[PDB]
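Visitor: Take a look at this one; I'll ask things after.
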Amino acid sequence: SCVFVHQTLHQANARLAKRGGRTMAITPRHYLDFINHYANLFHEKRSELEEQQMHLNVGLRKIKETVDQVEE
Amino acid sequence: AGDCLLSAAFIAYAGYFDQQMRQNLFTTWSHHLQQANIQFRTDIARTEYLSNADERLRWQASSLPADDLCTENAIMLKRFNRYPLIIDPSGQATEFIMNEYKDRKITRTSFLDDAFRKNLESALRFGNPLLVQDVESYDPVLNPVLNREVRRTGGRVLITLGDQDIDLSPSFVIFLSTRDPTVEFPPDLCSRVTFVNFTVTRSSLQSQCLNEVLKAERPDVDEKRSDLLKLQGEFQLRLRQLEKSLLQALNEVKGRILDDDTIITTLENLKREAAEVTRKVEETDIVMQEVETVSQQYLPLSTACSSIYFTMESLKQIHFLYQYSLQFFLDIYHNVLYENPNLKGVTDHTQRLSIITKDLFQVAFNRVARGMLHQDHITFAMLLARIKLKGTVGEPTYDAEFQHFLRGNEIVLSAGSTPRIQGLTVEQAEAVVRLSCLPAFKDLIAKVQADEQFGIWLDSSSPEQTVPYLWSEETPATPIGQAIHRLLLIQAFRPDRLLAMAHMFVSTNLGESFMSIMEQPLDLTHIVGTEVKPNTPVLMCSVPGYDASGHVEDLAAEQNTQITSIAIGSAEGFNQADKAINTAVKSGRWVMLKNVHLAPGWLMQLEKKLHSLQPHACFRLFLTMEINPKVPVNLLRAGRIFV
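These protein sequences, in sequence, are chains A and B.
Start counting the first sequence at 3146; every next residue gets the next number (the deposited numbering).
Start counting the second sequence at 3504; every next residue gets the next number (the deposited numbering).
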C-alpha cells in the first residue's frame, strides 16, 4: 500500500503536468520522509492508546479481584 | 495502522496541492486500502486525528484562518521532518507563524538582507525560531541545515556553514516563505524541504467566509456550534475523566471484606454522562439538519464572496492599477458583518442575512470603484450584477443570453445572409440576423418588418428607456429577464446607448441607487477616519493633468492635523521623506509624498519599510502619484487605491 501511495502521487503529478498546471517533483526522499512520518505517528499513537490499553487490561483483572472478594 | 498510514501519507505528500487534489489523493489511498482489506476508521477527519483541542485553540488565538486547508497546513507545520517552505500569497501564514511563535521570540529576515547570515548564526546559537520571507533568491548555505548534516563530536552538535563551524541548538527551527505563488523551484529544493501551500482557492475562501459568518452571525447558534464542538471536547472529556475517577475510587480498595463498593453512584454518573454523549451524537444528527441549515443558509453568501474576490483578482488584467489583496476583501467582509449600521435594528436571521448580502455587494462596489477608472465602473457593476444573478435561485442562469451578448461579433455571416431590411443599416442588419439566431429572437425579422413604431424608436434620443417588446416567449419573463432581453436588443439595435442601458440593467439587479455613491464627491473624512489602517498607505493615483494634493490638504486642514508634505525628486527628498515618516509614525501626524512615480525602486523599499512597522493610531501616509506602470505592484497591493 505504501508503494501504491508513492505511485499514485507520481500519477497525480503526471496528470497535473498533462493538464498544464504547476507540478512539483516527487523524489524518493519524499518516500523516506513518508516512512519516517509513518513510524513517528504509529509509534506515538501506539505509545498513547496501547499504554492506556495496559491500564484497561489491569482493570480487566481488577474486576476479577473484586469477584474474588465477592466470592469470599 | 491504517489511520496512521493515511495520516502520514497526507503529511509527507499533499503539502503543495489544493483542497480538491488533497481530497482526491486521500480518496484514492482510502479506496486502495479498502481493496486490500486494511481497516481504517472513516468517520475521523484528518484535521482532527493529528491535532489536539488545546493546540487548535492556540492556533485560533494565533489568527489561524478557519479554513480546512489552513488547518491541515497548520498540522503539517507542527509535525514535520524537513524544514517547511510556506507558500503564502495571501500573507496570513506569516502572521499566524509570528503569533504562534511570539513566545519563542521568532525573528523575521529575508535573503536579500546582508545581516541574514549573522541572524542565522544567532538562530543557531540561541536556538530561536527564524522566518525568512523571500527564498526565491536562495543562498545555498542552508543546504547543510536542510540536510541536517550534523556532527556529534564530544558533547557538541555541530554544523559546517561555509568555512565556519556553528553549534546546533535543538530549539532552533527555520521557516522559509515565498510570497510568489507561481515560482518554480529546482528539484533539490522540493527534495530538501516540505511544502505548505497557503494559496486561497475557491473552496478555501468559500469555507473561510462560511465559518466567518457562522461565528459572527447567529452568535447564540454560533455558541450552539461551539457546543457541538464541546460535546466532542467536554461531554466526551467529562465522560472519560469521570470513568477514570470511578476507576481510581474503586482502585482505592478500602475496607477489606467490608462492603465498601459504593462505586455504584459513580456508575450512575457514568451512565448519565454516556447517555449525554450519545444524545449529543443524536444532536449532531440534528446538526445534519439544524447546523447544516445554518451552514446552507450562508452558503450562497460565501459562494458570492469567493466569486467577488476572484473577480477582483482577475480585474488585475484590464488595468495595471487594479491590484487588490486578499486582506482588502477580508476588511470589506469584516466591515459588512461588523460595524454595519444597517444591522443595528434587525434581529431575525433571514432579514439579517439578506441585509448582509446587500451590504456586501454595495460596500464591495463602493470600495473597489473608488480606485477604478470612471470608464470601468459600469463593467464592475455588471460583473457584480451577474454574480448576484447567479446567486438568486428562482432566476434562470441566462447563460445563452450572456454568451451571445459577449460573443455576437464572432459569428460569421454572408452577403446573402442579410435580407437588407428597409429602415435598417447594413451593420444593424448584421446585428439583427446574428441576434435572430437565438430562439426567443427567432421571429425578430417579422416583428421588424411589421412594426411601425420602430421608425421613431430607433432614431429616438433615449431608446433604452422605451425598448419595445419584440421577443416572443411562452411564459412571462422576470424583470431581470426583461432587462437582459432589452439589453441584447439595445446592443444589436443602438449600441451607442449600450453603456447607458447597462446602468439600467444593474439598477434592475442591484437596486436603482447602486452607483448612486459614485456621483457624490469622495468623502475623504470618513474614509481616513475609519476603515483604513494606519499601516496601509492611501494611494491617490491621478491621470496626467490632475493633482490630488488639494483634496487631502483640505482634509488635513479641516481635521486640524499638522501634515508634512514632501515631493520626491532627489536623494534629499528621500531623506526628508524617511525623516518625516519616522517622526510621524510615533508622533501621530500625517505625512504626504508627492510624485512617487518618479522613484519605483525606492517605492519598493518604502513598501518593505511599512511592512515591518506598527504605527500610531492617527498615522496616515498619503502617496499622491501618476498612473503609470512603473509603480511597483507590491505597493499597489499593499495600499488602498484612489483614482
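Built from N, CA and C at the ideal position, the CB exists for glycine as well.
If you compare alpha carbons, which of B:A3577, B:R3549, B:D3570 and B:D3571 is closest to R3561 (chain B)?
Guide: Out of B:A3577, B:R3549, B:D3570 and B:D3571, B:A3577 has the C-alpha closest to the C-alpha of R3561 (chain B).
Visitor: Output needed for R3654 (chain B): all residues of its chain with C-beta closer than 6 Å, excluding positions within five of it in sequence on either side, in chain order.
Guide: The answer, listed in chain order, is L3661.
Visitor: What's the C-alpha gap between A3932 (chain B) and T3806 (chain B)?
Guide: Rounded to whole angstroms, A3932 (chain B) to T3806 (chain B) spans 41 Å at the Cα level.
Visitor: With a threshold of 16 other CB atoms inside 10 Å of the CB of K4097 (chain B), please say whether the residue is buried or exposed.
Guide: Buried, by the Cβ-count rule.
Visitor: Which whole-angstrom value is the C-beta distance of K3783 (chain B) and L3734 (chain B), which I expect to be below 8 Å?
Guide: At roughly 4 Å, the Cβ-Cβ gap stays under 8 Å, so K3783 (chain B) and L3734 (chain B) are in contact.
Visitor: With distances taken between CB atoms, is the gap from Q4062 (chain B) to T4028 (chain B) smaller than 9 Å?
Guide: Against a cut-off of 9 Å, the Cβ pair of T4028 (chain B) and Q4062 (chain B) comes out as a contact.
Visitor: Could you check what DSSP says for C3507 (chain B) in three-state terms: helix, strand or coil?
Guide: Three-state DSSP puts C3507 (chain B) in a helix.
Visitor: Kindly indicate if chain A contains any beta-carbon less than 9 Å away from that of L3536 (chain B).
Guide: Cβ-Cβ to chain A under 9 Å: yes for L3536 (chain B).
Visitor: Report the rounded CA-to-CA distance for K3893 (chain B) versus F3529 (chain B), giving the unit in angstroms.
Guide: Distance between the alpha carbons of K3893 (chain B) and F3529 (chain B) is about 31 Å.
Visitor: For chain B, is any of its Cβ atoms less than 9 Å away from the one on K3190 (chain A)?
Guide: Yes - at least one Cβ of chain B is within 9 Å of the one on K3190 (chain A).
Visitor: What are the boundary residues of the beta strand (DSSP E) that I3760 (chain B) is part of?
Guide: Element bounds for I3760 (chain B): n/a, residue is neither H nor E.
Visitor: Using the Cβ count rule (16 or more neighbours within 10 Å means buried), how would you classify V4046 (chain B)?
Guide: That one is exposed.
Visitor: What alpha helix (DSSP H) runs, 4 residues minimum, are completely inside the region 3746-3819 of chain B?
Guide: The region 3746-3819 of chain B contains these whole alpha helix (DSSP H) runs: 3767-3790 and 3794-3817.
Visitor: Using a cut-off of 7 Å between C-beta atoms, extract the partners of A3159 (chain A) located in chain B.
Guide: Result: empty, since nearest Cβ-Cβ is about 13 Å, beyond 7 Å.
Visitor: Which residues, in order along the region 3172-3190 of chain A, keep a beta-carbon less than 7 Å from a beta-carbon of chain D?
Guide: Judged by its chain identifiers, the structure shown contains no chain D, and its protein chains are A and B.
Visitor: Using CA atoms only, rank isn't needed, just tell me which of B:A3504, B:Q4023, B:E4015 and B:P3966 is closest to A3995 (chain B).
Guide: Here the closest residue by C-alpha is B:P3966.
Visitor: Are the CB atoms of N3754 (chain B) and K3207 (chain A) within a distance shorter than 9 Å?
Guide: Yes, they are a contact pair.
Visitor: Output the distance between the C-alpha atoms of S4019 (chain B) and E3603 (chain B), rounded to the nearest integer angstrom.
Guide: When rounded, the distance between both Cα atoms is 45 Å.
Visitor: Please report the distance separating the alpha-carbon of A3980 (chain B) from that of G3897 (chain B).
Guide: If I take the Cα positions, the gap works out to 12 Å.
Visitor: Over what stretch of residues does the alpha helix (DSSP H) that includes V3148 (chain A) continue unbroken?
Guide: Its alpha helix (DSSP H) spans residues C3147 to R3164.
Visitor: Evaluate the contact criterion for the region 4124-4139 of chain B versus the region 4034-4049 of chain B: three or more CB pairs, one atom per stretch, below 8 Å.
Guide: Yes, since at least three Cβ pairs between the region 4124-4139 of chain B and the region 4034-4049 of chain B fall closer than 8 Å, the two stretches touch.
Visitor: Say whether chain B places a C-beta atom closer than 9 Å to the C-beta of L3205 (chain A).
Guide: Chain B contact via Cβ: absent.
Visitor: Three or more C-beta pairs closer than 8 Å, one from the region 3152-3170 of chain A and one from the region 3552-3569 of chain B: is that the case here?
Guide: No, because fewer than three Cβ pairs between the region 3152-3170 of chain A and the region 3552-3569 of chain B fall closer than 8 Å, the two stretches do not touch.
Visitor: Confirm, please, whether the CB-CB distance from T3612 (chain B) to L3633 (chain B) is below 9 Å.
Guide: Yes, the pair counts as a contact, with Cβ atoms nearer than the cut-off.
Visitor: Which same chain residues, not among the five before or five after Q3709 (chain B), have their C-beta less than 7 Å away from its C-beta?
Guide: So the list reads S3805, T3806 and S3809, once near-sequence residues are dropped.
Visitor: So, using beta-carbon positions, are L3846 (chain B) and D3862 (chain B) closer together than 9 Å?
Guide: Yes. Within cutoff.
Visitor: Going along the chain, which unbroken runs of the alpha helix (DSSP H) with 4 or more residues stay wholly within the region 3867-3913 of chain B?
Guide: Listed in chain order, they are 3880-3894 and 3902-3910.
Visitor: Given a threshold of 16 other Cβ atoms within 10 Å of its Cβ, counted over all protein chains shown, does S3694 (chain B) qualify as buried or as exposed?
Guide: Buried, by the Cβ-count rule.
Visitor: Checking the sheet assignment: what are the DSSP bridge partners for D3617 (chain B)?
Guide: Paired residues: none, contrary to the question.
Visitor: Which residues in chain A sit within 9 Å of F3698 (chain B), going by Cβ to Cβ distance?
Guide: In chain order: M3169.
Visitor: Do you know whose CA, among B:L3731, B:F4145 and B:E3779, lies nearest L3742 (chain B)'s CA?
Guide: Selected option, being the one with the closest Cα: B:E3779.
Visitor: Have a look at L3177 (chain A) and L3508 (chain B) and give me their C-alpha separation to the nearest angstrom.
Guide: Their Cα atoms are separated by approximately 14 Å.
Visitor: Relative to the alpha-carbon of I3609 (chain B), which residue among B:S3625, B:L4106, B:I3987 and B:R3620 has its alpha-carbon at the smallest distance?
Guide: Considering only alpha carbons, the answer is B:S3625.
Visitor: Would you mind reading off the limits of the beta strand (DSSP E) that contains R4000 (chain B)?
Guide: That residue, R4000 (chain B), is in no beta strand (DSSP E); it is neither H nor E in DSSP.
Visitor: Let me know the secondary structure DSSP gives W3974 (chain B) once reduced to three states.
Guide: Three-state result, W3974 (chain B): coil.
Visitor: Among B:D4057, B:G3736 and B:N3631, which residue has its Cα nearest to the Cα of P3673 (chain B)?
Guide: Per the Cα distances, B:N3631.
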